[PDB]
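K.L.:
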Amino acid sequence: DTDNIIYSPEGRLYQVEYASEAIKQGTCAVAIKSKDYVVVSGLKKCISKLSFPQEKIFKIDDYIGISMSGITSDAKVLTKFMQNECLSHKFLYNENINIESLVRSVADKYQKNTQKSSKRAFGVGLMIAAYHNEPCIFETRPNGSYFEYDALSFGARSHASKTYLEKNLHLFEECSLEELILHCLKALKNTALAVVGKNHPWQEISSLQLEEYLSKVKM
Amino acid sequence: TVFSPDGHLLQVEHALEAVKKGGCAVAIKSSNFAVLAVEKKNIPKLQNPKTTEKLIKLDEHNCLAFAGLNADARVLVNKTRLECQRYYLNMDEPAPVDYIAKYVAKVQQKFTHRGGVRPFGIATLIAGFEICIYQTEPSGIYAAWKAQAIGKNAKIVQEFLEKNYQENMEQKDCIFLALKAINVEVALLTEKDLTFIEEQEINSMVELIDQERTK
Amino acid sequence: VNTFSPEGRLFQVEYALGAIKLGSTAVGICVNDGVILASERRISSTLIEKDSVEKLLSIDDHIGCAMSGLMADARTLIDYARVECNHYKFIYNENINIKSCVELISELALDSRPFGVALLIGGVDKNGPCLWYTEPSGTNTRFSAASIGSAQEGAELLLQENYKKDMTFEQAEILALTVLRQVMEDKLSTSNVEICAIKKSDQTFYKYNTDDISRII
Amino acid sequence: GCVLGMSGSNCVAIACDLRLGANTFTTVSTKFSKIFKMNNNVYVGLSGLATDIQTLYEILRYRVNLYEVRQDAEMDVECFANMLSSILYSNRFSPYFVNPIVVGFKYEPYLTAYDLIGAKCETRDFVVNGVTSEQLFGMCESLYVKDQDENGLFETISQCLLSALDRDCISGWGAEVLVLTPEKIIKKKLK
Amino acid sequence: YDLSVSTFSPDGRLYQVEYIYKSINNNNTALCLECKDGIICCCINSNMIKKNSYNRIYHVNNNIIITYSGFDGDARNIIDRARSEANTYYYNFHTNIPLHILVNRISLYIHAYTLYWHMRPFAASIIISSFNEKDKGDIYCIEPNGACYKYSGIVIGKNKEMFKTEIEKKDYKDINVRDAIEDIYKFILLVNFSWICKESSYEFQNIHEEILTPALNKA
Amino acid sequence: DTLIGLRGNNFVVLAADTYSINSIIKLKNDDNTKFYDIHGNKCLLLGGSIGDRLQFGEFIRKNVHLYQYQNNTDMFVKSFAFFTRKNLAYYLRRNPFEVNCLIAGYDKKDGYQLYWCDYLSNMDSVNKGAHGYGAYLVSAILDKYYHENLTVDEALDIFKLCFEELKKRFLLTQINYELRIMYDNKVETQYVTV
Amino acid sequence: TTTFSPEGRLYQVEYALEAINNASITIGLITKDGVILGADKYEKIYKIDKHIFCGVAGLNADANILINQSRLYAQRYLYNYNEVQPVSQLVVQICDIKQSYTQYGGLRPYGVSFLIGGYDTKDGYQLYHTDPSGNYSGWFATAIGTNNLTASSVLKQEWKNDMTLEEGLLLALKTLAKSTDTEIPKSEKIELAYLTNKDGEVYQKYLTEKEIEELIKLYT
Amino acid sequence: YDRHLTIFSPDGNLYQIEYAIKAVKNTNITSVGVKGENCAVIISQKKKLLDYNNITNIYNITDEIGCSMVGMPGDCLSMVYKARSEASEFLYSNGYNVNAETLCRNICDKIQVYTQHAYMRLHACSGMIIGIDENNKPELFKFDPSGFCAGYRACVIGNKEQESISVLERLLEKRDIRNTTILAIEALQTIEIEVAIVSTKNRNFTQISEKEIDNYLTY
Amino acid sequence: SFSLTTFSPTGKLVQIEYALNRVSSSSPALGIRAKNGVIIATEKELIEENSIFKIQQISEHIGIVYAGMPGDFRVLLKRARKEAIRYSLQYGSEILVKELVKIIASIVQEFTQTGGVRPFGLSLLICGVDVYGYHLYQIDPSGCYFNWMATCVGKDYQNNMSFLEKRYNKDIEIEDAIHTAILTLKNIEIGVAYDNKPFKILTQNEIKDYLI
């Protein structure tokens with residue numbers, strides 16, 4: 007056995023299944039969708055007392071931003087690809103990239119890696135969070151599958167966040183962004211958080227104003 | 008090839024051994040001169056059988072010695088020739104031993120790195136010009156030396172060489188230490213010109229080392 | 012090569028970790044006034060030309076990068092990094108921001137055989153010195169203070185013992201000399217170290233003259 | 010360029026000018042020798058531009074030696090000549106001009136003359152590529168007798184040369200005449 | 008032996024091909040029915061995270077339809093192959109593709125990967141269909157490793173064999189004009218019904234949700 | 002711009018000009034090294050444009066020094082001429098370099114050798130030869146005063162003839178002419194030669 | 009193809025060497041006139069050029085390729101320098117090929133070990149031998165094939181730098197014949213040949229070969 | 009191991025070839041192709066909601082040429098598409114339609130190259146080929162997954178083979205369209229079905245009419 | 007790629023040895039070389059066998075027989091013919107039989123060495139004509155082409171390899187050599213390059229012409 011170029015007698019591919027056994031080591035990240043806004047928090051793991059923790063969040067385009075949670079190198083490669091692709095898009099058509107066209111494209115890249123034997127499947131799964139008009143959250147399993155979402159949490163002990171998601175409607179209190187973000191920080195619980215929707219595009223409130231916002235879960 | 012759980016590379020560690028079991032060679036160094044001297048065994052009847060062992064001249068101002076596979080050595084050396092000529096073309100000025108040690112190292116490494124190629128089986132050492144000597148292991152590392160010995164049982168020659176080491180010396184007398192460390205493949209890089217030392221010329225010295233050890 | 016382990020870690024690249032443990036140690040410390048950069052120079056054999064072999068290098072004029080693990084794979088990554096982080100400045104004067112030079116080197120380091141080396145690239149580009157360790161795994165990270173080599177296993181604590189942001193680069197030099205002299209067998213001399221620095225002002229990469237390190241000790 | 014190839018009863022003869030002048034027909038050289046021996050029974054006389062001559066005879070040197078060693082038989086003239094035609098035709102540009110003459114026993132004598140594209144004439148008798156060719160066919164068409172002794176055929180081919188060279192400015196000094204028999208070869212210089 | 012897509016078994020079976028039948032056997036059902044007045048492919052995807065949308069059916073032209081089962085990624089990619097095929101044929105021949113030739117094209121596409129030792133075969137069976145008054149409805153099902161076959165309606169996916177008792181009432185299934193749906197909703201005892222009928226104007230269409238209501242409210 | 006070379010049993014001697022005109026109207030750049038000593042006993046006298054003869058001369062220099070660093074034997078001068086022949090001719094008629102050259106050398110068997118060549122890759126072995134527009138001038142002298150057996154120095158008087166000739170009646174060319182002089186042991190320049 | 013041994017050796021090349029030692033014996037000798045090379049064979065001796073000929077051992081079917089390549093190299097060198105190739109360079113060419121195959125490739129290495137000898141003027145008459153390994157050494161005398169040491173060591177115990185061709189060839193034949201048998205080789209298959217300056221003029225049916233067949237009248 | 013790949017046995021006999029022939033011999037779709045006097049018949053059993070109207074083994078690859086095929090179906094559609102490609106390239110190059118054997122050089126060689134080249138699996142399909150030759154004699158060839166231009170006055174393929182050679186012999190002792209087609213349809217009966233003659237128009241290759249299926253079967 | 011054949015510890019290539027075993031396991035053919043001609047023969055029900063002969067015309071002169079895998083014979087014969095043509099375009103004359111035998115031998119060589127391919131499964135006979143004389147070369151799967159005054163290739167030829175010599179005794183004439191061929195071989209095929217360069221297969225009627 008031992009290559010993704012062949013199926014198991016069960017009918018399963020093991021190699022691609024191992025990608026989730028990669029992703030579980032990664033730190034949890036969570037996302038919430040207000041009707042006109044999307045908020046995506048991460049969790050920046052700190053390797054040492056003197057390390058500054060890495061940022062899970064990125065910013066592929068004006069209103070598009072992402073939060074990969076798997077092995078970092080594949081993640082950065084997907085970012086460089088998705089960015090080069092959005093820019094190719096605008097450069098061709100004097101127009102912002104369709105979000106779903108992008109998701110469909112990156113997912114095409116995953117499958118192109120997870121089908122061919124010589125290229126290993128990615129050990130990462132993006133959680134895209136954006137809109138070309140109305141707010142969206144896509145997830146890409148380390149394969150050609152991708153799903154739209156209302157709310158998504160993934161990585162390490164994301165299990166707490168998952169079971170917690172049921173406790174709130176994704177938009178049980180959509181109307182205020184502060185309600186939204188407080189749902190985000192509850193759902194997840208330096209650590210990162212980022213905001214995108216309506217007038218302001220993608221944004222990363224990692225400011226000390228965020229540090230002020232942190233006490234609000236306990237305020 | 009591929010890392011073992013220790014993270015050591017196997018094909019390289021195996022590759023060294025062909026040098027760890029091959030004909031000894033050494034170099035002794037100084038200001039404007041250096042003595043490169045190797046050793047190669049051949050059938051007595053056939054005087055012409057190894058005119059090939061003889062220390063290579065990569066450039067008029069450069070010189071090399073090696074230990075390990077000859078079949079691989081001819082390849083590496085030719086790549087070195089083509090490259091010193093390339094640099095000497097693109098600059099209109101001769102290749103410094105530094106840059107060529109760097110190039111050769113980049114090669115031996117490259118084969119260890121990129122797929123599709125068996126790693127080298129040889130260890131090289133190079134004299135050029141002031142004058143300074145660079146040894147290059149199969150791993151792709153290289154290092155300046157004041158004195159060193161490649162080949163089978165390099166450690167006896169070399170660690171005994173440490174017992175006898177002295178830096179700048181005479182044009183002729185600096186030769187003697189090579190023998191004291193080391203038939204013989206003698207060559208002398210001097211005046212930025214490699215030279216194939218006369219057979220008879222050393223014969224006098226060839227006598228004394230034969231007998232100072234005896235008497 | 013890239014046969015994912017059932018455990019979920021990549022096999023190969025996780026086998027390749029140990030190569031840095033073969034590394035002789037080096038301690039880079041970003042500081043408010045620069046980046047200090049020390050390493051073992053006692054690696055030397057008695058008969059190699061004395062102190063004629065540098066672990067610490069210079070990718071660009073204002074970047075300096077101590078290396079772990081195999082000397083060869085490091086020589087390559089430094090070669091391509093010199094090429095690229097120079098090529099960045101092809102007509103416009105600004106040299107590549109350290110974070111992005113290092114981002115290049117890592118983004119290549121991802122994808136033959138995985139490199140056996142880790143780097144500790146430092147430099148001043150933004151108003152403030154940068155200190156970036158690159159793991160062989162392609163993971164890239166900005167320490168304030170950090171060390172490499174196997175001696176970094178326990179020596180790292182020593183940084184935690186002393187690292188305050190507020191130091192004259194000279195104070196930082198004392199500090200890194202402390203932590204690195206501790207792991208050496210020889211009493212430290214200029215033959216035991218190959219220290220380099222990039223100032224917050226001078227921003228120029230400069231290996232110390234032996235007279236200097238002989239003076240501080 | 011000036012080359013000849015008379016045929017004989019038990020012989021063939023080949024000849025040339027020995028000048029390789031440059032532009033405005035200044036004689037930069039007088040020892041140039043277009044005739045060559047591809048084989049004891051096979052010869053070629055090249056003409057037209059001299060660069061293309063050395064390159065062409067050079068390539069023949071190659072491929073014929075290669076074939077003779079690869080196949081033990083010394084190459085038959087029909088092979089060398091048809092192959093020659095094959096060679097030029099691959100590209101007109103390679104020879105801005107060249108006008109090969111092929112000659113030799115095969130022991131029936133074989134005389135053929137290629138054009139620069141590889142158009143070829145497998146003649147039973149004389150043929151005369153060269154810058155002075157019109158004077159050549161002119162003299163040799165009427166001077167020729169079917170079969171002669173090598174010396175009378177020699178004076179014959181020599182009269183075609185002595186005649187043609189004095190009408191052309193580009194014709195050379197000397198004459199590398201080369202009567203031959205299967206067992207013998209007799210080169211001469213005529214002035 | 009079972010380790011190759013290419014190597015034959017001692018008994019000539021191709022186990023590696025044979026496993027794709029397992030994959031598809033476990034993966035989500037995707038019935039496609041045929042009326043005597045149209046065609047209605049449907050899906051029952053079984054994948060707070062979004063529940064609102066995850067369409068399996070997609071078209072290559074406004075008239076032809078696709079549906080699948082198996083790995084999502086591979087099949088989505090084959091849908092891309094079919095779009096590019098229908099459009100290539102439209103660039104060459106200034107007309108829409110006959111369904112038949114497209115079906116054989118995808119037969120060759122899917123078939124190719126089986127022959128290559130490194131290459132991994134697709135894991136998704138594919139229904140492809142069309143209906144016009146003149147172009148009578150036909151439902152080609154494509155099992156991987158070729159052998160596409162025309163059908164009067166085939167269920168594919170995980171539970172298809174237990175649905176075939178319902179589809180085998182294909183006299184009654186052909187009896188319908190627009191109420192075959194209402195029969196199906198009880199018959200099956215996320216979902217994606219559609220249209221290619223005279224009322225459809227023969228162009229493919231997602232079935233209207235307020236047309237979906239009569240079915241669900243029917244029982 | 003004028004190049005000259007002359008072989009005898011006692012010598013090969015390559016006299017040649019030193020000027021190098023940036024603009025054809027003026028010899029703005031002087032004392033140029035047209036020669037290229039490519040061997041222990043073979044010099045190469047190039048001409049035409051400075052950039053062609055430089056690129057090509059350095060080129061041939063490397064392929065020969067490479068060939069000799071390779072095989073034990075030195076490149077026999079006819080192999081040197083023919084190799085330069087193949088190289089210069091290698092270019093499609095669209096691309097050959099504008100480069101007139103005089104190979105000159107010494108041989109362990111064939112002794113002194115000389116090879117006259119052209120912008121077109123035309124080449125021949127000769128006892129004397131010339132290049133540039135000055136070819137027309139000196140050649141009637143070189144033909145005239147030539148001795149096949151002459152001592153080298155009376156040949157040097159013959160180049161004095163040729164030179165004072167080119168000065169008087171040509172693109173005037175007064176500055177000293179370097180000229181390598183072959184010997185059994187070595188080449189022997191004379192940059193001072195006027 | 010295969011990687012180095014854990015002791016530090018190559019499997020494949022050791023295998024092909026194992027193959028070439030099983031081949032029927034070929035031998036070589038140098039004298040004033042030119043190299044003479046023996047054989048146990062169907063020509064089993066081929067000319068590279070006029071001045072060069074090689075005498076092969078090993079899986080000769082793969083040697084056929086190195087004869088063809090060899091000839092392409094020699095003719096190419098003549099093509100490039102207007103000078104027929106010195107032997108030493110030709111050997112460098114073939115061994116450059118052989119090393120090209122043992123290292124990178126994924127192809128199996130050539131099964132051929134062959135002699136080559138010839139008269140570049142520059143270096144007098146030359147003799148060389150080759151290995152699948154890509155190692156070549158000059159020689160005055162050789163005896164590759166079966167009984168390599170057994171047929172060598174007779175010459176090694178009974179040889180000198182100069183002989184007549186007429187006396188030397190017999191001394192090739194003392195090894196070459198007594199090893200198989202005293203008379204057998206000239207009773208059976210055999211192929212000695214030389215370069216006076218060019219071709220291997222001796223032929224087994226040739227009357228000159230009777231002297232070979234007459235060595236015994238001298239031998240006994 | 010030798011079995012896992014297209015390589016020689018220790019006994020010197022190829023394996024995987026035999027296995028591909030087991031693929032054909034366990035395909036269980038028997039087909040009798042008999043030549044007729046100045047004509048030629050090719051028949052096969054045509055073997065739910067599945068359509069018998071679709072199913073066939075017989076296929077034309079030009080007007081004059083038709084090749085029944087048996088084996089792995091995807092390989093069959095591929096070898097047919099290859100066959101049509103072949104006749105089109107020959108016609109395009111030379112202006113003559115291929116003689117049936119000339120199409121068998123392409124069929125058999127393309128089917129061969131798989132055998133040496135270890136990667137791509139050996140062909141899993143085989144079948145007859147029929148067509149009027151430039152010589153007025155009708156030409157009936159065959160091929161095997163192991164290369165074979167064969168040659169026959171009569172042939173059988175599939176699960177049944179040389180079992181029915183001796184059976185065919187009885188017709189061979191009695192071997204016009206009446207006379208020959210009955211031999212074929214009987215040869216199915218001897219050991228609905230679909231019959232195919234070149235002699236409808238004597239040069240054009242067409243499957244015999246559906247209405248006229250029964251009359252031979254009932255005579 | 008990968009040469010699927012590789013060397014034995016014992017030094018042999020086992021794979022090519024396998025193909026040798028297949029040829030040995032495959033069908034007979036004869037070759038006999040008359041002083042003034044050459045004859046090659048072989049031991050070759056629904057099947058119209060008339061289209062099928064191991065004999066094949068490479069030129070007006072050259073003809074061949076394989077023993078092993080028929081499709082392998084097909085492709086070798088194809089490349090071979092394309093070489094006789096490639097030569098006759100490269101030069102003005104018909105190929106020498108020895109040269110074609112050499113080129114076939116190289117083509118057979120490569121697959122035995124070149125990566126990813128199974129070695130050819132068959133032996134070859136190649137009767138022919140040239141200005142030198144009437145020829146007969148057998149080609150081994152290894153690339154070991156070899157001259158023969160006669161030969162055999164197929165099953166049970168160990169005992170059968172030693173019947174062929176008798177024609178050289180005093181039957182060097184073709185008409186008498188015919189008996190040597192058929193009686194040694196005791207369906208069937210025969211191609212003969214006679215005193216004329218062109219060769220042609222003898223019909224079964226002419227096979228009965230010698231059957232009496």
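Residue numbers (the authors' numbering), protein chains in the order written: chain F, 7 to 195, 208 to 237; chain D, 8 to 136, 141 to 193, 203 to 235; chain E, 12 to 122, 136 to 241; chain J, 10 to 115, 130 to 214; chain G, 8 to 54, 60 to 201, 215 to 244; chain K, 2 to 195; chain C, 9 to 49, 62 to 240; chain A, 9 to 55, 65 to 192, 204 to 219, 228 to 255; chain B, 7 to 50, 55 to 196, 207 to 232. From the three backbone atoms N, C-alpha and C, an ideal C-beta is built for every residue, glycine too.
Can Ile109 (chain E) and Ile145 (chain E) be called in contact, C-beta distance under 8 Å?
P.N.:
yes
K.L.:
Classify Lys86 (chain D) as helix, strand or coil using the three-state DSSP reduction.
P.N.:
helix
K.L.:
Can you tell me where the alpha helix (DSSP H) with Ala193 (chain F) in it begins and where it stops?
P.N.:
183-194
K.L.:
Assuming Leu67 (chain E) contacts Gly75 (chain E) under a Cβ cut-off of 8 Å, what Cβ separation, rounded to an integer in Å, is found between them?
P.N.:
Indeed, because the Cβ distance is near 6 Å, the residues count as touching under 8 Å.
K.L.:
Per DSSP, what are the beta-bridge partners of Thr174 (chain K) in this structure?
P.N.:
DSSP lists no partner for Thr174 (chain K).
K.L.:
Kindly identify the DSSP beta-bridge partner or partners of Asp38 (chain K).
P.N.:
According to DSSP, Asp38 (chain K) bridges with K:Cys44.
K.L.:
Measuring alpha carbon to alpha carbon, tell me which of G:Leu241, G:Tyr152, G:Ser53 ends up nearest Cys39 (chain G).
P.N.:
G:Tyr152
K.L.:
Does any C-beta atom of chain E lie closer than 8 Å to the C-beta of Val83 (chain F)?
P.N.:
Among the residues facing chain E, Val83 (chain F) is included, as its CB has a counterpart in that chain under 8 Å away.
K.L.:
In its own chain, which residues sit with a C-beta less than 7 Å from the C-beta of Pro133 (chain G), not counting the 5 before and 5 after it?
P.N.:
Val12, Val24, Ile27, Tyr125, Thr126, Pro156, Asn157
K.L.:
Exposed or buried, what is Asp125 (chain K) when buried is set at 16 or more other beta-carbons lying within 10 Å of its beta-carbon?
P.N.:
buried
K.L.:
Considering Cα atoms alone, identify which of G:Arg88, G:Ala240, G:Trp220 is closest to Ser137 (chain G).
P.N.:
Ranking the options by Cα distance to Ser137 (chain G), first place goes to G:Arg88.
K.L.:
Where does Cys143 (chain D) fall in DSSP's three states?
P.N.:
strand
K.L.:
Using only alpha-carbon positions, find the residue among D:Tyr94, D:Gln220, D:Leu16, D:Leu190 that is nearest to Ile229 (chain D).
P.N.:
D:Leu190
K.L.:
According to DSSP, is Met92 (chain J) helix, strand or coil?
P.N.:
Helix.
K.L.:
Alpha carbon to alpha carbon, how far is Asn54 (chain G) from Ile168 (chain G)? Give it in angstroms, no decimals.
P.N.:
17 Å
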